[PDB]
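See below for the structure under consideration.
When we count neighbours, we look across all protein chains shown, and the Cβ atoms used for this are built from the backbone with ideal geometry, even at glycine. Nothing in this text is a laboratory measurement; each read-out follows from the coordinates by a stated rule.
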Amino acid sequence: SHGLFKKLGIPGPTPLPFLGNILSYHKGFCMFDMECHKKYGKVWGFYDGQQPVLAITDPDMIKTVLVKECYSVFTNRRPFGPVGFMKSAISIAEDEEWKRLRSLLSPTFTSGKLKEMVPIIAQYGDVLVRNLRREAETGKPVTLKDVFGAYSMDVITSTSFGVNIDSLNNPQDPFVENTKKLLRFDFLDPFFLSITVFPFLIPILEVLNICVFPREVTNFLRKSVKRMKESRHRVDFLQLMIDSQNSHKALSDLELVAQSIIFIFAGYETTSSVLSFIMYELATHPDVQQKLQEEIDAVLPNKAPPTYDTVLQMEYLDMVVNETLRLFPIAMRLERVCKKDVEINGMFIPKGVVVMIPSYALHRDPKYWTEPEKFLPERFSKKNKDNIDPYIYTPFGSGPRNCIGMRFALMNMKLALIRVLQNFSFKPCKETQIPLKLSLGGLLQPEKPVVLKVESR
Amino acid sequence: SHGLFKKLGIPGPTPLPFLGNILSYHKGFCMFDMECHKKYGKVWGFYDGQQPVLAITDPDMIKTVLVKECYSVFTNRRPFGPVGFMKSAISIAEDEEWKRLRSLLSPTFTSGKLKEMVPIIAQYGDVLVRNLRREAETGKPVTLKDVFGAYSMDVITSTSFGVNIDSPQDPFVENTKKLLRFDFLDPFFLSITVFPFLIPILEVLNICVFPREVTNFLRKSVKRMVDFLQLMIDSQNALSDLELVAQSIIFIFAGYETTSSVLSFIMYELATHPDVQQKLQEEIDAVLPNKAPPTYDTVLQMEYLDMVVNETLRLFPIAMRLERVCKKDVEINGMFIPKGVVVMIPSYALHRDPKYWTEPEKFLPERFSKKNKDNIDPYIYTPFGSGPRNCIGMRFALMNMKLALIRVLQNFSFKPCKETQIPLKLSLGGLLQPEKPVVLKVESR
Ligand code: HEM
Ligand code: HEM
Ligand SMILES: CC(C)(C)OC(=O)N[C@H](CS[C@H](Cc1ccccc1)C(=O)NCCCc1cccnc1)Cc1cccc2ccccc12
Ligand SMILES: CC(C)(C)OC(=O)N[C@H](CS[C@H](Cc1ccccc1)C(=O)NCCCc1cccnc1)Cc1cccc2ccccc12
């Protein structure tokens with residue numbers, strides 16, 4: 001199968017036997033995708049072992065894969081295992097089981113169900129400040145993901161279930177301590193390597209009850225959801241799963257935990273990591289931070305409480321969040337498995353090929369963005385948003401399988417940014433790694449953690 | 001009793017004695033609420049005779065009335081009589097009777113019972129195309145609500161009872177269309193609303209607003225006819241045989257009149273916006289190639305079709321207003337509302353507010369796109385109401401209408417007919433309808 005892209009006349013790096021091109025990942029997915037886009041142009045192919053991966057960068061073709069031909073051709077992502085009972089998780093589900101679950105979990109993030117969560121998040125916004133004030137009253141660096149990680153946990157545990165689990169901290173909370181080591185795709189680990197480079201050992205590992213999420217983490221979270229599921233008010237992610245489990249049919253008990261673990265993860269890890277990138281950029285661009293602070297005070301004078309409506313009114317904040325996501329799309333890539341032979345936009349694609357959208361590369365392509373390395377929130381002004389293509393800039397994906405928690409993620413991060421910049425300013429402190437080095441490993445994180453100085457206003 | 005809104009400091013137009021403000025309805029309910037929305041902003045109160053009506057536009061206040069404090073304070077709509085045996089209908093009943101019926105008829109539109117009706121509807125979707133093709137191969141302008149109203153009668157008499165009858169001169173469509181005619185210049189509907197203190201005179205006199213021998217053509221037909229009918233006989237074996245017919249009168253009128261009128265409102269906008277009709281015709285051929293028959297699932301995938309239906313129902317909300325009767329003194333969202341006031345949600349005026357809609361008069365299905373769907377408050381756009389007393393057939397109507405719209409744009413395109421009223425003039429009468437009947441030229445593909 002290593003002669004596939006030569007057959008189709010599609011350029012790409014020459015693959016080694018067995019390994020394919022995975023050796024080229026020594027700088028990470030992101031540097032590999034940039035170089036290949038520069039070397040080969042609009043379309044190229046490579047192999048993750050024996051798995052052909054076709055990378056597409058054309059906006060029309062991307063819309064076909066992500067939106068037009070989703071339900072019929074590009075329905076699922078690259079198979080990820082061994083996962084055990086977590087195969088029922090929405091992000092991992094396939095075909096009919098995914099359609100069932102997506103529809104069932106959509107009503108969790110309506111503008112009505114979101115509006116109902118601002119007062120709940122309004123509790124832990126003030127808590128995030130009080131923990132910040134302590135580290136501010138005394139000259140000392142502040143690791144942001146710890147304090148952002150704590151905030152995220154409280155926000156996902158109470159809006160989806162109704163359970164306050166972090167009493168002002170309580171910094172050694174078992175939820176965060178177990179959830180951070182939930183999945184760490186270390187490519188140096190022979191495990192995630194051999195899974196990718198020889199993706200036929202999953203069935204063995206599955207019958208051996210081996211899982212990519214450690215057992216004590218899955219157990220602790222599994223015990224807790226059974227401890228949370230009693231419910232004997234407001235309809236929440238726990239209620240939407242329980243009212244329909246009580247009523248084809250239906251939602252299982254090991255399935256109801258699976259969706260909770262997915263939500264519990266993304267709510268904690270994705271939110272806190274993007275919040276760190278933002279604050280790093282504001283601290284390294286004081287003009288942008290002052291301008292954002294100037295906007296927050298105009299919309300919310302006297303440190304007014306942020307509301308659902310006032311969050312959406314702030315134009316510069318939305319630009320700051322978007323430009324950061326442009327530079328740091330935490331998904332790095334978007335993938336879809338081609339389930340049958342298709343010829344999209346005049347290009348034949350055979351069954352079984354994974355179609356990959358190099359999001360990180362597209363977000364930094366000079367042919368789409370001026371000075372793509374520079375942090376310029378003005379790209380996303382309404383004056384300039386004409387020249388921004390929704391299929392080049394896809395930080396939450398696109399189409400029927402985009403980020404289901406997008407609106408929740410943006411509001412939770414915006415509510416956090418408002419109540420923080422309302423009370424503090426952020427300066428570098430030399431131990432701040434400048435410029436920021438990105439983790440040359442699997443997921444999108446920095447090398448050294450983000451540490452900043454916090455001053456009170 | 002006319003100095004109420006003056007006491008509470010709530011703005012409003014001055015009431016004439018006995019009449020109140022009902023002389024401003026000469027332009028219809030819709031134009032009155034919009035005039036009031038501009039002059040008296042946010043909240044105002046007027047009078048329907050001796051009946052004070054508080055019009056609220058704040059979406060949080062709308063949510064309190066429609067959802068939060070529904071079961072408690074705002075359970076019942078405005079009193080409507082004389083009704084007779086029709087007092088037992090779900091839309092007219094109150095409190096306890098409403099609760100037992102709202103739960104009883106809710107299983108009619110579960111995701112299961114609603115998927116059972118797809119092969120029942122898919123038969124009449126070919127008689128509609130075969131009847132339009134006789135008037136399309138000939139260059140004859142088609143009156144849309146006629147051929148539509150026929151399709152709406154079959155679907156409701158076969159998804160609720162299981163009897164195939166309609167489709168031309170059908171006795172059901174004939175008696176159903178004249179079931180109620182709220183002409184506001186008829187001295188009947190005017191007075192009993194303005195001077196309602198004579199309603200119980202007509203109630204003890206066995207008088208009713210619905211025609212006697214129109215209620216009889218439908219009272220004996222149900223005695224003649226798992227679906228909607230079956231779901232009620234199983235609980236009957238305290239549902240009486242009089243309250244049973246009351247519900248069939250509701251489902252048949254709604255399933256016929258409400259479906260046909262909106263579909264005509266849809267077809268009018270698609271003809272006036274060819275770039276919208278063509279863009280919708282290209283989406284139906286992609287999810288359903290070779291004119292593939294539409295199923296339950298292929299309907300929910302079509303996004304533009306939903307954004308067209310939602311933009312029409314924004315423009316033409318056939319209910320115009322939502323109403324709840326405040327049953328005790330309350331102070332909701334920082335405002336005293338006494339007992340007996342009718343709280344009114346001006347659905348038509350809200351669906352065209354420039355504060356919530358840009359270029360509202362213009363038809364743009366792009367307001368409901370997933371990118372712009374975020375900007376839509378679910379208490380400003382409430383074409384089916386909201387809360388525990390919303391439209392029970394909303395999920396049924398949203399599917400049934402979309403089932404009709406798909407089987408038509410696969411075979412025919414629609415152009416104006418010169419005699420088509422452009423722009424469409426709304427009926428300055430009572431209900432929401434066009435003045436002249438909608439007519440369009442039908443060209444086959
Ligand atoms: C800054 C924060 C976040 C970003 C940038 C982000 C990004 C993404 C991306 C790129 C995808 C895949 C889209 C595609 O394949 O086209 C996705 C999917 C998903 N996201 Fe997020 N996400 C964030 C936070 C969250 C949160 C807070 C939740 C809470 C539940 C969440 C839940 C999910 C789920 C369940 C999926 C799977 C979608 C499916 O398969 O149906 N994400 N997200
Ligand atoms: C486009 C079509 C339709 C629209 C826009 C519509 C609109 C509405 C509205 C606004 C309400 C009142 C909500 C409130 O007061 O808060 C309602 C209630 C109701 N609708 Fe519909 N309707 C439609 C079609 C139908 C259909 C097809 C049926 C079939 C049976 C139906 C049966 C009912 C009934 C029985 C009620 C009263 C329920 C109650 O009072 O508890 N409607 N509808
Ligand atoms: C096969 C490869 C790897 C090539 O690809 C994929 O199939 N891996 C993902 C499916 S395994 C992952 C299971 C998990 C659970 C708990 C903690 C860690 C991992 C998941 O389900 N994670 C999505 C749910 C949470 C989330 C994360 C980020 C943003 N929002 C929500 C598919 C996938 C889904 C959604 C977003 C993704 C972003 C980046 C990479 C993959 C993504
Ligand atoms: C007191 C006023 C008038 C100010 O107000 C109300 O109380 N009148 C309605 C209750 S009398 C009406 C009885 C009827 C039956 C057969 C044919 C004509 C009339 C009804 O039951 N009609 C609802 C049932 C069908 C339907 C219609 C439209 C949309 N969906 C379903 C209350 C009411 C209920 C539901 C929807 C309404 C829409 C517009 C106006 C009133 C509505």
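Return yes when residue B:362 is within 14 Å of chain A (Cβ to nearest Cβ) and on the phi < 0 side of the Ramachandran plot and no when it is not. The answer is no for residue B:362. A single entry from A:378, A:431 fulfils the requirement of being in a helix (DSSP H, G or I), more than 21 Å from the chain's Cα centre (by Cα) and either over 20 Å from residue A:330 (Cβ atoms) or polar (S, T, N, Q) (or both): A:378. Give the residues of the stretch B:55-72 that are within 14 Å of ligand 2 (Cβ to nearest atom) and either in a strand (DSSP E or B) or β-branched (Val, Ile, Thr) (or both), sorted by residue number. The answer is B:56, B:62, B:64, B:65, B:67.
Quick check on this structure: which one of B:320, B:307 is at positive phi and either surrounded by 18 or more Cβ atoms within 10 Å (Cβ to Cβ) or within 16 Å of ligand 1 (Cβ to nearest atom) (or both)?
On the way: B:307 fails: at positive phi.
It is B:320.
For every residue, the table says whether it meets (1) closer than 27 Å to residue B:255 by Cα; (2) of a type in the set (S, T, N, Q); (3) within 16 Å of ligand 2 (Cβ to nearest atom).
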{"residue": "B:371", "(1), (2), (3)": "no, no, no"}
{"residue": "B:379", "(1), (2), (3)": "yes, no, yes"}
{"residue": "B:383", "(1), (2), (3)": "yes, no, yes"}
{"residue": "B:395", "(1), (2), (3)": "yes, no, yes"}
{"residue": "B:402", "(1), (2), (3)": "yes, no, yes"}
{"residue": "B:413", "(1), (2), (3)": "yes, yes, no"}
{"residue": "B:430", "(1), (2), (3)": "yes, no, yes"}
{"residue": "B:437", "(1), (2), (3)": "yes, no, no"}
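Scanning the stretch B:214-261 for residues that are farther than 22 Å from residue B:154 by Cα, surrounded by fewer than 19 Cβ atoms within 10 Å (Cβ to Cβ) and charged (D, E, K, R) yields a total of 2. Among the conditions (1) away from chain B (no Cβ under 14 Å); (2) within 30 Å of residue A:232 (Cβ to Cβ), the only one that residue A:146 does not satisfy is (2).
Can you pull out every residue in the stretch A:80-134 that is acidic (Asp, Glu), in a loop (DSSP other than H, G, I, E, B) and more than 14 Å from chain B (Cβ to nearest Cβ)? Explain how you work it out, then say what you get.
Here is the first cut: in the stretch A:80-134, the residues acidic (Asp, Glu) are A:94-97, A:116, A:126.
So of that shortlist, the ones also in a loop (DSSP other than H, G, I, E, B) come out as A:94-95, A:116.
Listed by number, the list holds a single entry, A:94.
Filter the stretch A:53-67 for residues that are charged (D, E, K, R) and either surrounded by 18 or more Cβ atoms within 10 Å (Cβ to Cβ) or in contact with a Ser or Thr (Cβ under 8 Å, 6 or more places away or on another chain) (or both) and give the result.
Narrowing the stretch A:53-67 to residues charged (D, E, K, R): A:58, A:60, A:63.
Passing the criteria: only A:63.
Just to check your reading of the model, which residue among B:194, B:173 is within 15 Å of ligand 4 (Cβ to nearest atom) and farther than 30 Å from residue B:113 by Cα?
Details: B:173 fails: farther than 30 Å from residue B:113 by Cα.
None of the others qualify; the one that does is B:194.
For the stretch A:381-426, the set of residues classified as aliphatic (A, V, I, L, M) and either within 16 Å of ligand 4 (Cβ to nearest atom) or assigned to a loop (DSSP other than H, G, I, E, B) (or both) consists of A:388, A:392, A:404, listed by residue number. Scanning the stretch A:41-73 for residues that are away from chain B (no Cβ under 14 Å) and hydrophobic (A, V, I, L, M, F, W, C) gives A:43, A:44, A:46, A:53, A:54, A:55, A:56, A:61, A:62, A:65.
Could we say that residue A:199 is farther than 22 Å from residue A:438 by Cα, in a helix (DSSP H, G or I) and touching a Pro at 6+ places or on another chain (Cβ under 9 Å) here?
Values: farther than 22 Å from residue A:438 by Cα: yes; in a helix (DSSP H, G or I): no; touching a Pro at 6+ places or on another chain (Cβ under 9 Å): yes.
Answer is no for this residue.
Provide a single number: the residues in the stretch B:374-411 that are among the small types (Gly, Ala, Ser) and either under 24 Å from residue B:264 (Cα atoms) or away from every other protein chain (no Cβ under 14 Å) (or both). Residues flagged as among the small types (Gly, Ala, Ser) and either under 24 Å from residue B:264 (Cα atoms) or away from every other protein chain (no Cβ under 14 Å) (or both) within the stretch B:374-411 amount to 4. Checking each residue in the stretch B:288-323 for being among the hydroxyl-bearing types (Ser, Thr, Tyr) and either within 14 Å of chain A (Cβ to nearest Cβ) or within 16 Å of ligand 3 (Cβ to nearest atom) (or both) picks out B:295, B:296, B:298, B:304.
Residue-by-condition table, conditions (1) within 27 Å of residue B:422 (Cβ to Cβ); (2) within 14 Å of chain A (Cβ to nearest Cβ):
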residue: B:326; (1), (2): no, no
residue: B:329; (1), (2): no, no
residue: B:339; (1), (2): no, no
residue: B:347; (1), (2): yes, no
residue: B:357; (1), (2): yes, no
residue: B:368; (1), (2): yes, yes
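When restricted to residues that are part of a loop (DSSP other than H, G, I, E, B) and closer than 22 Å to residue A:417 by Cα, the stretch A:135-164 contains 6.
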